[PDB]
Each structure stands twice: as C-alpha cells, then as structure tokens.
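Trainee: Provided below: model-v5.cif, containing mmCIF, C-alpha atoms.
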```cif
data_run
#
loop_
_atom_site.label_atom_id
_atom_site.label_comp_id
_atom_site.auth_asym_id
_atom_site.auth_seq_id
_atom_site.Cartn_x
_atom_site.Cartn_y
_atom_site.Cartn_z
CA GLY A 666 0.08 -19.48 19.87
CA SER A 667 2.00 -16.81 17.97
CA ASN A 668 2.23 -13.48 19.81
CA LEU A 669 2.61 -11.24 16.76
CA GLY A 670 1.15 -7.88 15.78
CA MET A 671 3.63 -5.16 14.84
CA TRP A 672 6.94 -6.12 13.24
CA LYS A 673 9.47 -3.84 11.55
CA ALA A 674 11.98 -5.16 9.02
CA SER A 675 14.53 -3.41 6.81
CA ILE A 676 17.91 -3.86 5.12
CA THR A 677 21.05 -2.12 6.36
CA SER A 678 23.91 -3.76 4.46
CA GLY A 679 24.52 -6.36 1.77
CA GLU A 680 27.24 -8.84 0.84
CA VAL A 681 27.90 -11.90 -1.32
CA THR A 682 28.68 -15.26 0.28
CA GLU A 683 30.27 -18.41 -1.16
CA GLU A 684 29.11 -22.03 -1.14
CA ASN A 685 29.86 -25.15 -3.18
CA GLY A 686 32.10 -22.92 -5.28
CA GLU A 687 29.27 -20.50 -6.04
CA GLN A 688 28.55 -16.90 -5.06
CA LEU A 689 25.07 -15.92 -3.88
CA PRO A 690 23.58 -12.51 -3.01
CA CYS A 691 23.07 -11.84 0.70
CA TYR A 692 21.16 -8.96 2.28
CA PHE A 693 21.12 -8.32 6.03
CA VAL A 694 17.65 -7.81 7.52
CA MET A 695 17.06 -6.01 10.82
CA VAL A 696 13.86 -7.15 12.52
CA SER A 697 12.35 -5.34 15.51
CA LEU A 698 9.36 -6.40 17.61
CA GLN A 699 7.78 -3.85 19.95
CA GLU A 700 5.95 -5.90 22.59
CA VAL A 701 3.85 -4.60 25.49
CA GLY A 702 5.35 -1.77 27.51
CA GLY A 703 6.10 -4.33 30.20
CA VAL A 704 8.67 -5.92 27.90
CA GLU A 705 11.58 -4.21 26.15
CA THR A 706 11.49 -3.99 22.35
CA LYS A 707 13.75 -6.55 20.68
CA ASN A 708 15.90 -5.91 17.61
CA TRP A 709 18.25 -8.19 15.67
CA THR A 710 19.82 -8.54 12.23
CA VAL A 711 20.00 -11.65 10.04
CA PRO A 712 21.37 -12.27 6.52
CA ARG A 713 18.77 -13.08 3.87
CA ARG A 714 19.52 -14.68 0.50
CA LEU A 715 17.78 -13.63 -2.71
CA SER A 716 16.28 -17.10 -3.09
CA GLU A 717 14.73 -16.82 0.37
CA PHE A 718 13.10 -13.49 -0.51
CA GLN A 719 11.37 -15.07 -3.50
CA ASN A 720 10.30 -18.11 -1.49
CA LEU A 721 8.40 -15.75 0.82
CA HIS A 722 6.78 -13.81 -2.02
CA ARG A 723 5.36 -17.09 -3.33
CA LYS A 724 3.98 -18.11 0.07
CA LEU A 725 2.56 -14.62 0.63
CA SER A 726 1.15 -14.29 -2.89
CA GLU A 727 -1.10 -17.24 -2.07
CA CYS A 728 -2.60 -15.29 0.83
CA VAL A 729 -2.71 -11.99 -1.05
CA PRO A 730 -3.01 -11.61 -4.85
CA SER A 731 -2.05 -7.93 -4.76
CA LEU A 732 1.45 -9.05 -3.79
CA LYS A 733 1.68 -10.88 -7.12
CA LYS A 734 1.99 -7.41 -8.65
CA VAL A 735 5.34 -7.01 -6.89
CA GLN A 736 8.37 -8.27 -8.81
CA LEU A 737 11.60 -9.36 -7.13
CA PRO A 738 15.13 -9.59 -8.61
CA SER A 739 16.85 -12.83 -9.63
CA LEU A 740 20.10 -14.33 -10.92
CA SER A 741 21.67 -17.41 -12.50
CA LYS A 742 24.06 -20.08 -11.22
CA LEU A 743 26.53 -19.41 -14.03
CA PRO A 744 30.31 -19.01 -13.56
CA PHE A 745 30.37 -15.76 -15.53
CA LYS A 746 27.04 -14.44 -14.26
CA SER A 747 28.44 -13.39 -10.88
CA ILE A 748 26.95 -10.88 -8.44
CA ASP A 749 28.32 -7.35 -8.81
CA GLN A 750 27.77 -4.08 -6.94
CA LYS A 751 25.45 -2.91 -9.71
CA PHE A 752 23.03 -5.75 -8.96
CA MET A 753 23.68 -5.63 -5.22
CA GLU A 754 22.18 -2.13 -5.22
CA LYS A 755 19.59 -2.48 -7.99
CA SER A 756 18.24 -5.54 -6.17
CA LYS A 757 18.66 -4.13 -2.67
CA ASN A 758 16.28 -1.31 -3.60
CA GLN A 759 13.71 -3.88 -4.71
CA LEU A 760 14.14 -5.97 -1.56
CA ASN A 761 14.16 -3.04 0.87
CA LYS A 762 10.80 -1.84 -0.46
CA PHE A 763 9.55 -5.40 -0.97
CA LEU A 764 9.51 -5.96 2.79
CA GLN A 765 7.60 -2.71 3.33
CA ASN A 766 4.80 -4.05 1.13
CA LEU A 767 4.57 -7.06 3.43
CA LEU A 768 4.32 -5.01 6.63
CA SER A 769 2.02 -2.60 4.80
CA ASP A 770 -0.62 -5.28 4.25
CA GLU A 771 -2.67 -6.21 7.31
CA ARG A 772 -3.24 -9.64 5.78
CA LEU A 773 0.48 -10.35 5.49
CA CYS A 774 1.19 -8.65 8.81
CA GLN A 775 -0.48 -11.58 10.57
CA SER A 776 0.62 -14.05 7.90
CA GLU A 777 2.98 -16.53 9.56
CA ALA A 778 4.97 -16.43 6.32
CA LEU A 779 6.19 -13.01 7.46
CA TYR A 780 7.08 -13.75 11.08
CA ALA A 781 8.89 -16.83 9.78
CA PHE A 782 10.91 -14.84 7.24
CA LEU A 783 11.62 -12.07 9.75
CA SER A 784 12.87 -14.66 12.25
CA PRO A 785 16.51 -15.84 12.24
CA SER A 786 15.91 -18.91 10.06
CA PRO A 787 18.70 -19.67 7.55
CA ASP A 788 16.87 -22.81 6.43
CA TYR A 789 13.71 -20.81 5.74
CA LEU A 790 11.66 -21.85 2.71
#
```
Once more with this new file: its structure as structure tokens, please.
Mentor:
Amino acid sequence: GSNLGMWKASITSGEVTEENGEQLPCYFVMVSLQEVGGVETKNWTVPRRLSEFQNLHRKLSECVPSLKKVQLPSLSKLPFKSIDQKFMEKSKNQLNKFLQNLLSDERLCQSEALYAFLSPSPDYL
C-alpha cells in the first residue's frame, strides 16, 4: 500500500517554460517526507505547471468541499497574454499557500491526490 502520513511541500522559485511555441507558468515544488527514525528524511524539488495545480484542486475538491472555497490563478493561451513577473508573483503567493491548505486538511493529507501531486510526476493529471 501507500506509506504516507506527513508530507511537507512548498515553492522556492518560479520560471516560465516554452512548448509548441507557447509559454506556460512553472513553479518549483520542494517535497519532503519524514519517515520513521530508522530511515533518513527525503527531500526533492520538482517543477509544477499552473494547469497541474488546478487539476489537483478539482480532484481534491471532490474529497473535500471546503477546498472549493480556495481559488487558484489562471491564464490564457494567447500570443499577447504572456506570463510576466507580476503574475509570476501574484500567482506564486496563491500557489504557495494553496499547498498549505492541502497539508492542513487531514482528509487531503491522506488523499492520494496529494501524494501524487507532491511526487515527481510531470504527466500528473
């Protein structure tokens, strides 16, 4: 089964990537799992796209309605509507705290949706 329990996630830096001639917002997420004293605590960082963040909120919202109260940032796939520093920060603040709400809820804490998002999965949905 899944050996979860206490997971810590947070953003450290943010950058914008490029794909198919389009720029998308990317926010690095540092996940740390403190296992039994016998094992050493693990810690890694993985880039998370805005779209991914929302995908999780939807999956989590189903398990917890309270989460529905939380609102995440968004953007458009327009040529002029590019990602700027202003949004990179304004959104980062919403994402940084967004994760906290997930680890703050015991229901979500065990929710696979979290462990899956916290894990290094670029194809996450």
Trainee: Evaluating the PyMOL selection byres ((chain A and resi 753) around 9) on the displayed file yields which residues, as a VMD selection string?
Mentor: chain A and resid 679 to 681 690 to 692 748 to 752 754 to 758
Trainee: Hey, can you check how far CA of residue 717 (chain A) sits from CA of residue 746 (chain A)?
Mentor: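 If I compute the distance from CA of residue 717 (chain A) to CA of residue 746 (chain A), I get 19.3 Å.
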Trainee: CA of residue 772 (chain A) and CA of residue 787 (chain A), how far apart in Å?
Mentor: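 CA of residue 787 (chain A) sits 24.2 Å away from CA of residue 772 (chain A).
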Trainee: Within 6 Å of (20.0, -11.3, 5.1), in the coordinates the file gives, what residues turn up when you count all atoms listed in the file, written out as a list in words?
Mentor: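 Looking at atoms near the point gives residues 691, 692, 693, 694, 711, 712, 713 and 714 of chain A.
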Trainee: Where does the PyMOL selection byres ((chain A and resi 719) around 10) land in this file, that is, which residues does it pick, as number ranges by chain?
Mentor: A: 714-718, 720-725, 736-739, 760, 790
Trainee: Could the residues in this selection be saved with C-alpha atoms as a PDB file, keeping the file's coordinate frame?
Mentor:
```pdb
ATOM      1  CA  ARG A 714      19.520 -14.680   0.500  1.00  0.00           C
ATOM      2  CA  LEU A 715      17.780 -13.630  -2.710  1.00  0.00           C
ATOM      3  CA  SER A 716      16.280 -17.100  -3.090  1.00  0.00           C
ATOM      4  CA  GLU A 717      14.730 -16.820   0.370  1.00  0.00           C
ATOM      5  CA  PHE A 718      13.100 -13.490  -0.510  1.00  0.00           C
ATOM      6  CA  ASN A 720      10.300 -18.110  -1.490  1.00  0.00           C
ATOM      7  CA  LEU A 721       8.400 -15.750   0.820  1.00  0.00           C
ATOM      8  CA  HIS A 722       6.780 -13.810  -2.020  1.00  0.00           C
ATOM      9  CA  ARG A 723       5.360 -17.090  -3.330  1.00  0.00           C
ATOM     10  CA  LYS A 724       3.980 -18.110   0.070  1.00  0.00           C
ATOM     11  CA  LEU A 725       2.560 -14.620   0.630  1.00  0.00           C
ATOM     12  CA  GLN A 736       8.370  -8.270  -8.810  1.00  0.00           C
ATOM     13  CA  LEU A 737      11.600  -9.360  -7.130  1.00  0.00           C
ATOM     14  CA  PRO A 738      15.130  -9.590  -8.610  1.00  0.00           C
ATOM     15  CA  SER A 739      16.850 -12.830  -9.630  1.00  0.00           C
ATOM     16  CA  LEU A 760      14.140  -5.970  -1.560  1.00  0.00           C
ATOM     17  CA  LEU A 790      11.660 -21.850   2.710  1.00  0.00           C
TER      18      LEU A 790
END
```
Trainee: List as a count of residues only the protein and nucleic acid residues near residue 744 (chain A), meaning an atom at most 12 Å away when all atoms listed in the file are counted, but skip any in the same chain fewer than 6 places from it.
Mentor: 4
Trainee: Report the centre and edge lengths, in Å to one decimal, of an axis-aligned box enclosing every atom of region 710-726 of chain A listed in the file, padded by 8 Å on each side, as lines of an AutoDock Vina configuration file.
Mentor:
```
center_x = 11.3
center_y = -13.3
center_z = 4.4
size_x = 36.2
size_y = 25.6
size_z = 31.7
```
Trainee: Find the residue from A:743, A:674, A:728, A:704 that sits nearest to residue 771 (chain A); use only C-alpha atoms when measuring.
Mentor: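 Looking only at the distances to residue 771 (chain A), the closest residue turns out to be A:728.
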Trainee: For a quick check of understanding, using only C-alpha atoms, which of A:774, A:740, A:732, A:783 has the smallest distance to residue 697 (chain A)?
Mentor: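 Nearest candidate to residue 697 (chain A) out of A:774, A:740, A:732, A:783: A:783.
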Trainee: As an exercise, work out the distance from CA of residue 768 (chain A) to CA of residue 708 (chain A) in Å and give it to one decimal place.
Mentor: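 Calculated distance between CA of residue 768 (chain A) and CA of residue 708 (chain A) is 16.0 Å.
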Trainee: For a quick check of understanding, using all atoms listed in the file, which of A:675, A:683, A:727, A:734 has the smallest distance to residue 773 (chain A)?
Mentor: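 Of A:675, A:683, A:727, A:734, the one nearest residue 773 (chain A) is A:727, counting all atoms listed in the file.
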Trainee: Nearest residue to residue 780 (chain A) out of A:668, A:761, A:731, A:747, using all atoms listed in the file?
Mentor: A:668
Trainee: Taking only C-alpha atoms into account, which of A:786, A:684, A:699, A:776 comes nearest residue 742 (chain A)?
Mentor: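 Of A:786, A:684, A:699, A:776, the one nearest residue 742 (chain A) is A:684, counting only C-alpha atoms.
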Trainee: With all atoms listed in the file as the basis for distance, which of A:673, A:763, A:770, A:707 is at the shortest distance from residue 729 (chain A)?
Mentor: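 Among the listed residues, A:770 lies closest to residue 729 (chain A).
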Trainee: Because some atoms of region 752-767 of chain A are absent here, can you restore N, CA, C and O atoms and send them as a PDB file, keeping the file's coordinate frame?
Mentor:
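What follows is the written file selection.pdb:
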```
ATOM      1  N   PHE A 752      24.200  -4.948  -9.305  1.00  0.00           N
ATOM      2  CA  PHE A 752      23.030  -5.750  -8.960  1.00  0.00           C
ATOM      3  C   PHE A 752      22.748  -5.688  -7.465  1.00  0.00           C
ATOM      4  O   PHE A 752      21.594  -5.649  -7.041  1.00  0.00           O
ATOM      5  N   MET A 753      23.813  -5.682  -6.670  1.00  0.00           N
ATOM      6  CA  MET A 753      23.680  -5.630  -5.220  1.00  0.00           C
ATOM      7  C   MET A 753      22.821  -4.442  -4.795  1.00  0.00           C
ATOM      8  O   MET A 753      22.064  -4.527  -3.829  1.00  0.00           O
ATOM      9  N   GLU A 754      22.943  -3.336  -5.524  1.00  0.00           N
ATOM     10  CA  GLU A 754      22.180  -2.130  -5.220  1.00  0.00           C
ATOM     11  C   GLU A 754      20.812  -2.171  -5.907  1.00  0.00           C
ATOM     12  O   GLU A 754      19.778  -1.978  -5.268  1.00  0.00           O
ATOM     13  N   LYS A 755      20.821  -2.420  -7.212  1.00  0.00           N
ATOM     14  CA  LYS A 755      19.590  -2.480  -7.990  1.00  0.00           C
ATOM     15  C   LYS A 755      18.586  -3.434  -7.338  1.00  0.00           C
ATOM     16  O   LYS A 755      17.386  -3.160  -7.306  1.00  0.00           O
ATOM     17  N   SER A 756      19.086  -4.551  -6.820  1.00  0.00           N
ATOM     18  CA  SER A 756      18.240  -5.540  -6.170  1.00  0.00           C
ATOM     19  C   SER A 756      17.882  -5.113  -4.754  1.00  0.00           C
ATOM     20  O   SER A 756      16.740  -5.257  -4.315  1.00  0.00           O
ATOM     21  N   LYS A 757      18.869  -4.584  -4.039  1.00  0.00           N
ATOM     22  CA  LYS A 757      18.660  -4.130  -2.670  1.00  0.00           C
ATOM     23  C   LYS A 757      17.478  -3.175  -2.584  1.00  0.00           C
ATOM     24  O   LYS A 757      16.678  -3.247  -1.652  1.00  0.00           O
ATOM     25  N   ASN A 758      17.373  -2.281  -3.561  1.00  0.00           N
ATOM     26  CA  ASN A 758      16.280  -1.310  -3.600  1.00  0.00           C
ATOM     27  C   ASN A 758      14.937  -2.012  -3.753  1.00  0.00           C
ATOM     28  O   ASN A 758      13.925  -1.555  -3.224  1.00  0.00           O
ATOM     29  N   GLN A 759      14.935  -3.122  -4.483  1.00  0.00           N
ATOM     30  CA  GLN A 759      13.710  -3.880  -4.710  1.00  0.00           C
ATOM     31  C   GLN A 759      13.345  -4.701  -3.475  1.00  0.00           C
ATOM     32  O   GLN A 759      12.166  -4.898  -3.177  1.00  0.00           O
ATOM     33  N   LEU A 760      14.360  -5.175  -2.762  1.00  0.00           N
ATOM     34  CA  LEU A 760      14.140  -5.970  -1.560  1.00  0.00           C
ATOM     35  C   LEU A 760      13.738  -5.086  -0.384  1.00  0.00           C
ATOM     36  O   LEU A 760      12.803  -5.401   0.351  1.00  0.00           O
ATOM     37  N   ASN A 761      14.448  -3.975  -0.216  1.00  0.00           N
ATOM     38  CA  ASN A 761      14.160  -3.040   0.870  1.00  0.00           C
ATOM     39  C   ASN A 761      12.692  -2.634   0.862  1.00  0.00           C
ATOM     40  O   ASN A 761      12.023  -2.664   1.894  1.00  0.00           O
ATOM     41  N   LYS A 762      12.195  -2.255  -0.311  1.00  0.00           N
ATOM     42  CA  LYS A 762      10.800  -1.840  -0.460  1.00  0.00           C
ATOM     43  C   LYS A 762       9.872  -3.049  -0.416  1.00  0.00           C
ATOM     44  O   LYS A 762       8.750  -2.965   0.084  1.00  0.00           O
ATOM     45  N   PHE A 763      10.344  -4.174  -0.946  1.00  0.00           N
ATOM     46  CA  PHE A 763       9.550  -5.400  -0.970  1.00  0.00           C
ATOM     47  C   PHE A 763       9.016  -5.727   0.419  1.00  0.00           C
ATOM     48  O   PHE A 763       7.833  -6.029   0.584  1.00  0.00           O
ATOM     49  N   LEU A 764       9.893  -5.667   1.415  1.00  0.00           N
ATOM     50  CA  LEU A 764       9.510  -5.960   2.790  1.00  0.00           C
ATOM     51  C   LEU A 764       8.418  -5.005   3.267  1.00  0.00           C
ATOM     52  O   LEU A 764       7.457  -5.419   3.915  1.00  0.00           O
ATOM     53  N   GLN A 765       8.572  -3.727   2.936  1.00  0.00           N
ATOM     54  CA  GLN A 765       7.600  -2.710   3.330  1.00  0.00           C
ATOM     55  C   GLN A 765       6.194  -3.111   2.888  1.00  0.00           C
ATOM     56  O   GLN A 765       5.230  -2.950   3.635  1.00  0.00           O
ATOM     57  N   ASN A 766       6.085  -3.628   1.668  1.00  0.00           N
ATOM     58  CA  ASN A 766       4.800  -4.050   1.130  1.00  0.00           C
ATOM     59  C   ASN A 766       4.177  -5.145   1.986  1.00  0.00           C
ATOM     60  O   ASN A 766       2.955  -5.243   2.100  1.00  0.00           O
ATOM     61  N   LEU A 767       5.028  -5.969   2.586  1.00  0.00           N
ATOM     62  CA  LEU A 767       4.570  -7.060   3.430  1.00  0.00           C
ATOM     63  C   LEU A 767       4.010  -6.529   4.752  1.00  0.00           C
ATOM     64  O   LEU A 767       2.941  -6.946   5.202  1.00  0.00           O
TER      65      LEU A 767
END
```
